[PDB]
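So the structure is just underneath, and the comments pick up after that.
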Amino acid sequence: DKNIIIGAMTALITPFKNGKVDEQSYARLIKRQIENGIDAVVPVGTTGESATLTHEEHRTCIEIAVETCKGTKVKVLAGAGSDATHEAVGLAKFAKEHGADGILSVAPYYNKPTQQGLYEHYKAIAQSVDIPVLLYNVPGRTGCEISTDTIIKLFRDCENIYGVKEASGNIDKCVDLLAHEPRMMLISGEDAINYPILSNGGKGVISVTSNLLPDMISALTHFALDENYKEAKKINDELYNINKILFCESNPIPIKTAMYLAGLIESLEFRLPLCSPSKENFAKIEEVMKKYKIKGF
Amino acid sequence: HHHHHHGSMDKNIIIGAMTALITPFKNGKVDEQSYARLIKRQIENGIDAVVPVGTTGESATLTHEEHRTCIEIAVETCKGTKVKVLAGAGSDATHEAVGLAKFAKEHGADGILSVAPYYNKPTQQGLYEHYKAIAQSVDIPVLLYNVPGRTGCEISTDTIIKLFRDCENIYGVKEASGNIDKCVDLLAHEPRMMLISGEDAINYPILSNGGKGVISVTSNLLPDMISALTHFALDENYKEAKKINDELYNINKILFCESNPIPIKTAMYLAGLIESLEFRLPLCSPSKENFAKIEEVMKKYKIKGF
Amino acid sequence: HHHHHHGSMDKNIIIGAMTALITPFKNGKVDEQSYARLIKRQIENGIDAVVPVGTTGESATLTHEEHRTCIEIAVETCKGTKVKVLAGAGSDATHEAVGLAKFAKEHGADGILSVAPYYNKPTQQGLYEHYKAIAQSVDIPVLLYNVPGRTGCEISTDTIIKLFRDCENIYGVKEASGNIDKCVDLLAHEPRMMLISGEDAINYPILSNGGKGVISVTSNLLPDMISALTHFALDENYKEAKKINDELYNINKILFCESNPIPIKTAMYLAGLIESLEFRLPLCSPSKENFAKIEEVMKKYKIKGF
Amino acid sequence: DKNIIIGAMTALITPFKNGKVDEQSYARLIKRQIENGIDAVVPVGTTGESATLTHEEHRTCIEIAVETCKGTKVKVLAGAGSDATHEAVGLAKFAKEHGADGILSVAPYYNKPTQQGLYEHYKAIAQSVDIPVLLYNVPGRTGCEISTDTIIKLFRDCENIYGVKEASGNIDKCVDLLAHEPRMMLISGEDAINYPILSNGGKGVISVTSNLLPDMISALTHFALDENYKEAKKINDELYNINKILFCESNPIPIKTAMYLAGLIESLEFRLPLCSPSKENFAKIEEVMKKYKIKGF
Ligand SMILES: N[C@@H](CCCC[NH3+])C(=O)O
Ligand SMILES: N[C@@H](CCCC[NH3+])C(=O)O
Ligand SMILES: N[C@@H](CCCC[NH3+])C(=O)O
Ligand SMILES: N[C@@H](CCCC[NH3+])C(=O)O
Ligand SMILES: [Mg+2]
Ligand SMILES: [Mg+2]
Ligand SMILES: [Mg+2]
Ligand SMILES: [Mg+2]
Ligand SMILES: [Mg+2]
Ligand SMILES: [Mg+2]
Ligand SMILES: [Mg+2]
Ligand SMILES: [Mg+2]
Ligand code: NA
Ligand code: NA
């Protein structure tokens, strides 16, 4: 009864070259996702360094994702979150006007809105567009938590709001959400627990690991959606070691390191305050990667 | 000699739907008649094992004599049925935990549950030595139990796995930790162990990841539902197991609106399954507001009698 | 060349009683007239410095243009008085934080406050490089600001001390971390730095351990009391400083019953110091119950007007 | 208006010899506390391994402390806490009948009583004796927190209850307590922050560090009680490094290690589940100790 964006999705890294977005590398990486079974891509979330891109660069990345996915089955769920509602509304409207299929919108970071404030924030965002809106709860980064009651209120009050990406390590809340509002789309935002969230009726993932292993994350998700829980769990178990090492330092530091280690990006460049991992973690990531089958271009 | 290759050797296991039994009091004493009646009710409603005197059974405030009496009643009531007794045997002192383990073995328990030491916060090395001493003292199965919110310590995944591999009788862990990532970690690195849900609201997610049973609070009140849930999941009927887990969320949540076992004893009293709402200090009755919340949540569930 | 021995070299410091200024809105826009009037009221009530556009001033929802306008109003209103402007200049993007730092320098601020990056959780190495870039971009004092409950990250004691020793202009930290152990750690290992209280309820404990000022929310409402408290403590009149800190506990606590600045703007509205109770989303009015709690707590304090 | 036990106090380690309490070593260690300015000793708290002593051994330790302090100015604040009220009442009555000056009583661990339960627990304990009772809040070990409201209610409702030993890293609560009930005795239970608690009007410490450095902890406390905050802070600052290293593993593992390293106990023996520190932390403790002046016997 709602328009939705579900399935296996990738929180795209943003490659830099000489401090600027490498727009050619960005398109090439998206094509690699498309060719490895991914159902949607998410430009410029946390993994794509939304904090340090300018609003102009953020918009360019959304445009490249839309352009690269045009004529393919793959949807663009554009990163559009902000701690300021007026900025989040501006990004939402841009995404809509520029052909995104939907938006992801992180809970406001830093300023710690109340539940009433979160409700008004997301209602303003939903009112600004006519495309699907996925909430995104990540309290370890934002300092706030969108409660189950608030999520369900938004889902019932706002046609566009169709679910939530949960990055909260809280499978109890995942049960609470789908037991009380089974129509919503619960999306895993934590790779290590993709299979538990899917096996409780979640309908997709927004993945960091899929930057490196898109075929494995897509296979996992599609097995679970087909109720082949044995085969989905097998992949989730196999992926635990890489899923864990990709957070040995704050995301996206390990995943960009891994993409560089596999020759998939040309330089290991971040924007401050992000920076290279320690040499010890660089080497740890490399050793974990050697246990997995990494697709090229 | 000791060795590191026990993981695929015969570990007698105790799995399935299990109940963390409340301990009813009458005039301050254990009501042994009521205790037996309650265990019989679990047996008649599909439960696979009972756990006398865990946290839910007020292990902290029973004397060592009363703790042993409850184990004996559980063994006697389950004798001749298929239902096993996984006796609560944990302590923050290794010498007390070894004493309880030996008692359980000598008095016919099928296995023991053994909570991580509370209060004194041992290191991982100390936890390893604690559980090695317990496992070496008996020849019956030992289930570890991690509940960091109550103990102040955590048995790490690496320590759990070492104990499983290093000790013949340690066969798994009951997790009450709100940490489905750790549940994945445990079974991805040591799939031979028995992961047991210790948090009712997430029984189905743990079982669907390959956990093999539950040690339940809710089953004191709704044994039939918890056993049906567990057995559906063990049969890989995940649709039907999830349906019950979802239906149970409201009661599963309200049973922790105050520290367990305050809500479950309140519910058992409200349903007419125990005669008085009695605890031993420092536990006590819930607030009037929470008493009323529990009563309202219960109206949506069909409560079996005796 | 860079070096590691800045600790005893001239660090121009900004210390004393300071106010994290609220930013009043009128019809959604910054009310620049009200802002100036409020700053003048701080000046006339003993405050040593003002902090435009920190967390309390809704830095997240001001545009970069409005943020700069508020810095300019603060500088102009304090010109010719002894009161200094420690401009809010923090960001989760180093390039934005450097831009704000340079603006503050070029537009006459006396120094900058710079919050640890929120949301993107940089490593300690990244925080070091962040603040090195900021400090190297200007020649005015830089105060670090740690508030892990809002940012999701913590500037460790070792990183703070390295920055103090390695950068000429970094002179201390504003701690809003509920961690008096860290306050001891900081000043026991680097007593030359300026530790500034960022949590009003514990202003006196931080000052009595050798902290040298406060960056206050409560002083928006009670500037006289917060400045008197701070100045008593700096004079080693701990008895009189503690007396005020104790008297202020109730208002200090209620001003965080919802996320700052929701309660302080509510109180400023209730006292008649701002004309409308307006925030920018995602901030909004308090619940009716908390509005009423704030109003009741305020009745015990004598509120200065203009 | 209340009888109180305040000043510099030591949470006594319990030495073992061949697995039994070394009663001669215990007395010798208490005499060393007496001769180095300490105002009271606390037998068998957390630091004295209350969890693994038997009830008989616990009682023996209280008796040795009372006997050794008789005829000196030093008081015995006997450890008497339990997670079972009936056990805590039994210990309280024993201490009273055996000549202790007061009791310390830890908040119930493991079973997580509600505030009403904590109130009834401590009221039962206070009703059982006619000597002073000090509450003890240590949420990191017990899993519960005695709220300020509950502490103040107990102080006002129970003559014997005269204050609280706080081990909660919460100087805000320390302000809350003494601003609303300035008659109580707030006692520092965390060595690193002894000086902040004293300078806000706390009136003593129950120390781990004083096992090793009793003269320094007593000097610190007495300077603060005399309003010589400069000299108290100086000692608190000097002690930070040892105060921190004594919790590099769970107390009392480091402090027993330090006492062994200084030749003050003959064997580094614990009762399971406590055990020796790692060899790396053993060496770290030794290196920190070399910066301090350690009194002998
Ligand atoms: N650094 C600011 C602006 C980023 C704008 C592009 N996403 C923030 O993190 O909100
Ligand atoms: N109250 C003590 C003894 C309990 C003995 C019977 N389980 C404890 O919690 O360890
Ligand atoms: N909302 C963005 C931009 C604020 C710009 C003015 N301080 C942030 O919080 O970083
Ligand atoms: N091990 C039990 C009994 C200790 C009895 C002597 N303090 C407990 O920690 O409560
Ligand atoms: Mg977003
Ligand atoms: Mg093995
Ligand atoms: Mg147990
Ligand atoms: Mg592991
Ligand atoms: Mg230096
Ligand atoms: Mg700032
Ligand atoms: Mg340090
Ligand atoms: Mg005690
Ligand atoms: Na609509
Ligand atoms: Na009395």
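Readers should treat all values here as calculations from the given coordinates under stated rules, not as data from a laboratory. Heads up, the Cβs are rebuilt from the backbone with ideal geometry, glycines too, and the neighbour counts pull from every protein chain shown.
For the stretch B:37-46, state whether one or more residues are more than 16 Å from ligand 14 (Cβ to nearest atom), in contact with a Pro (Cβ under 6 Å, 6 or more places away or on another chain) and either among the β-branched types (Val, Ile, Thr) or farther than 25 Å from B:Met194 by Cβ (or both).
no
Return the pair list, or none, for Cβ contacts closer than 6 Å from residues in the stretch A:44-61 that are touching a residue at least 24 places away in the same chain (Cβ under 8 Å) to residues that are within 16 Å of ligand 10 (Cβ to nearest atom) and of a type outside the set (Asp, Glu), at least 6 apart or on different chains.
Within 6 Å, the pairs are A:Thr52/C:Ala93.
Would you call A:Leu246 over 21 Å from A:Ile206 (Cα atoms), buried (at least 21 other Cβ atoms within 10 Å of the Cβ) and in contact (Cβ under 8 Å) with a residue 40 or more places away in the chain? It would help to see each step written out before you state the result.
Working: over 21 Å from A:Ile206 (Cα atoms): no; buried (at least 21 other Cβ atoms within 10 Å of the Cβ): yes; in contact (Cβ under 8 Å) with a residue 40 or more places away in the chain: yes.
Here the answer is no, as A:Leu246 does not meet what is asked.
Do we find that A:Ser276 is within 18 Å of the chain's Cα centre (by Cα) and closer than 26 Å to A:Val21 by Cβ in this structure?
no
Of the residues in the stretch C:279-301, how many are facing another protein chain (nearest Cβ under 10 Å) and either hydrophobic (A, V, I, L, M, F, W, C) or farther than 17 Å from A:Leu118 by Cβ (or both)?
Within the stretch C:279-301, residues that are facing another protein chain (nearest Cβ under 10 Å) and either hydrophobic (A, V, I, L, M, F, W, C) or farther than 17 Å from A:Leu118 by Cβ (or both) number 4.
Being touching a residue at least 24 places away in the same chain (Cβ under 8 Å), at negative phi and within 9 Å of another protein chain (Cβ to nearest Cβ) narrows it down to one of B:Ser276, B:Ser259, so name that one.
B:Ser259
Working only within the stretch D:107-123, note down all residues that are under 15 Å from D:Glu159 (Cα atoms) and more than 7 Å from every other protein chain (Cβ to nearest Cβ).
D:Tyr119, D:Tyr122, D:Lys123
Every residue in the stretch D:18-52 that is hydrophobic (A, V, I, L, M, F, W, C) and out of contact with any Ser or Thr (no Cβ under 7 Å at 6 or more places or on another chain), please.
The answer is D:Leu29, D:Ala40, D:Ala51.
In the stretch B:178-224, what residues are without any contact (Cβ under 8 Å) to a residue 40 or more places away in the chain and polar (S, T, N, Q)?
If the condition is that a residue be without any contact (Cβ under 8 Å) to a residue 40 or more places away in the chain and polar (S, T, N, Q), then B:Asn179, B:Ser197, B:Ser208, B:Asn209 are the ones that fit.
Can you tell me which of D:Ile193, D:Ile253, D:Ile197 is touching a strand residue (DSSP E or B) at 6+ places or on another chain (Cβ under 6 Å) and either on the phi > 0 side of the Ramachandran plot or buried (at least 24 other Cβ atoms within 10 Å of the Cβ) (or both)?
D:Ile197
Identify, please: which residue in the stretch D:196-207 is within 7 Å of chain C (Cβ to nearest Cβ) and over 13 Å from D:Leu177 (Cβ atoms) and is, among those, farthest from the chain's Cα centre (by Cα)?
Filtering the stretch D:196-207 for residues that are within 7 Å of chain C (Cβ to nearest Cβ) and over 13 Å from D:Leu177 (Cβ atoms), the one farthest from the chain's Cα centre (by Cα) comes out as D:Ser199.
Is there a residue in the stretch D:92-109 that is within 16 Å of ligand 2 (Cβ to nearest atom), under 28 Å from B:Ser287 (Cα atoms), part of a helix (DSSP H, G or I) and touching a residue at least 24 places away in the same chain (Cβ under 8 Å)?
No, there is no match, as no residue in the stretch D:92-109 is within 16 Å of ligand 2 (Cβ to nearest atom), under 28 Å from B:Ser287 (Cα atoms), part of a helix (DSSP H, G or I) and touching a residue at least 24 places away in the same chain (Cβ under 8 Å).
Restricting the search to the stretch D:274-297, which residues are within 14 Å of chain B (Cβ to nearest Cβ), free of Cβ contacts under 8 Å to residues at least 24 places away in the same chain and not in a helix (DSSP H, G or I)?
Matches in the stretch D:274-297: D:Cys275, D:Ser276.
Restrict the check to the stretch D:249-256 and report whether at least one residue is under 30 Å from D:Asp157 (Cα atoms), more than 16 Å from ligand 11 (Cβ to nearest atom) and either facing another protein chain (nearest Cβ under 10 Å) or not in a helix (DSSP H, G or I) (or both).
no
Search the stretch C:169-197 for residues being polar (S, T, N, Q) and within 18 Å of C:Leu113 (Cα to Cα), and hand back the single one that is surrounded by the fewest Cβ atoms within 10 Å (Cβ to Cβ).
Result: C:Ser177.
Please determine, by comparing only the residues of the stretch B:139-168 that are among the polar types (S, T, N, Q) and surrounded by fewer than 22 Cβ atoms within 10 Å (Cβ to Cβ), which one is farthest from B:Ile13 (Cα to Cα).
Among them, the one singled out is B:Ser156.
Is there a residue being in contact with a strand residue (DSSP E or B) (Cβ under 7 Å, 6 or more places away or on another chain), of a type outside the set (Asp, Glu) and farther than 29 Å from C:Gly178 by Cα anywhere in the stretch C:38-53?
No - not one qualifying residue is present in the stretch C:38-53.
Working only within the stretch A:210-232, note down all residues that are surrounded by fewer than 24 Cβ atoms within 10 Å (Cβ to Cβ) and either within 14 Å of chain B (Cβ to nearest Cβ) or free of Cβ contacts under 8 Å to residues at least 40 places away in the same chain (or both).
A:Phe223, A:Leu225, A:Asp226, A:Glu227, A:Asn228, A:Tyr229, A:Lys230, A:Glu231, A:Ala232
The rows are residues; the columns are (1) assigned to a helix (DSSP H, G or I); (2) within 16 Å of ligand 11 (Cβ to nearest atom); (3) away from chain C (no Cβ under 14 Å).
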| position | (1), (2), (3) |
| --- | --- |
| A:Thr14 | no, no, no |
| A:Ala27 | yes, no, yes |
| A:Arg32 | yes, no, yes |
| A:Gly37 | no, no, yes |
| A:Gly45 | no, no, no |
| A:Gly48 | no, no, no |
| A:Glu57 | yes, no, no |
| A:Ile62 | yes, no, yes |
| A:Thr68 | yes, no, yes |
